[PDB]
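Only one chain is shown below, in structure tokens, and it's the form deposited in one PDB entry.
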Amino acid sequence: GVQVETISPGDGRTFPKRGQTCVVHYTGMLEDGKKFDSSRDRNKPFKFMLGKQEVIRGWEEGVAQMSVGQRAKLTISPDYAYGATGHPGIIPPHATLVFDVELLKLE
């Protein structure tokens, strides 16, 4: 149950592929409160791979669905985010996540 609301499309030819490593820079915000998951660029963005359940689903599917050079606003729901319940530290219970991601490159 994730949505992809693009703002600045990318070429529309290259995406993350099976056997690649995405190079993304995002900022995680919540419905209308604050940041819980940011990628404070300063110390290098975030980098992950497709098919090695290292990142939530909302991403995996979301980010995939995005193209090299595109930026979007994704909306993730419990089903994909972290399941149903989370932490009382970063992920309060049923607290939908919102990511504004920029897929930069593949490695």
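Position 1 is the first residue in the sequence shown; the rest follow in order.
Separately, the form solved in complex with a small molecule exists; it is not shown, and the next lines address it.
Taking non-hydrogen atoms only, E31 never approaches the small molecule to within 4.5 angstroms in the bound PDB entry.
Contact annotation: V55 falls within 4.5 Å of the small molecule in the bound PDB entry, judged by heavy atom distances. The small molecule is not drawn, but in the bound PDB entry it has no heavy atom within 4.5 Å of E61.
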